[PDB]
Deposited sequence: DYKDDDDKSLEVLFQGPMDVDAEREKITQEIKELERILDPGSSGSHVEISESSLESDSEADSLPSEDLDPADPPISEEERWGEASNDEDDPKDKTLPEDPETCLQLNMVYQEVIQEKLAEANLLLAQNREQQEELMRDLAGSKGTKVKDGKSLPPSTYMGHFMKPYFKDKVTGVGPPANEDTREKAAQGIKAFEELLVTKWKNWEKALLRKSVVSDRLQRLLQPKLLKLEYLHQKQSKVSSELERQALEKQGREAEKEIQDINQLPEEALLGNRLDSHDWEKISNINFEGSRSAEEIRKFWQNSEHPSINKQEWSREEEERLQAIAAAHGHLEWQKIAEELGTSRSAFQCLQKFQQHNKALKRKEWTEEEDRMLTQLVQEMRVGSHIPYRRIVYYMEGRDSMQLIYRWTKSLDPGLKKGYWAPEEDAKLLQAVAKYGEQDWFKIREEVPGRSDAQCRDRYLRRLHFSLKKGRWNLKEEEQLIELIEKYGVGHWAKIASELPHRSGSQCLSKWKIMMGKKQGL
């Protein structure tokens, strides 16, 4: 009622005429808030669009026995119901817009040809490879499949940038990571969450574990029973969730034999790799009575080394 415009004539509600700064600003090129949101079209809208297009698009006989295949602007759009139809239908375009499920064989051709063509003129490649698509869809697939847009490696120079941003944009405990990723080059929210929470924090402690820390960790685990490590992290003085989980599970457990191998455990490990698989170690360790997940992988590598 009182939102926009605030001043509306009681009888009519037109609102005051345009300002001077308003007309100048619109003439410059700046866009309002309402110009960047557009309503989406429901299913019935698409059905009506298609049937109107079909109806619009001996000869007396030709009219009436027309098959639905062969046939398949302001007049329609205004009187029946206005340039999105000129784009929606031309880009929905039942006859020739078929973004079918991408079979695996087309992906290799798309990637190789995109790399060899210089990653340019996407209309040209989308017309060269003859893939029944558009230029946009090829680029979307190439970007979703791309393996060169991220970094996945933390250097010295970008840790400092992360620290500066998270120290100038931290209100209380609230840390907005997405605004940082906007200010942080070539990253995303997941990697910043990982880095700050696990490694880059000034508060956290990085070093060896003393027996007193071990005793406190054992008491905390016996309190909580090997679940909810984010709660357990509180008892241990400053160690992170990942440190506590990894240390307790794969280093400190009550019964996990460690040290040099023998012949019999080698027997079981080799057979079990040849049976449950070679690429996964969780199950391989799960059946092995003593050794853990990491130890089986290390031992297999040492086997390969010996060979």
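By the record, the deposited chain contains unmodelled runs at 1-160, 218-256, 272-279, 289-293, 520-522, with no C-alpha atoms placed there.
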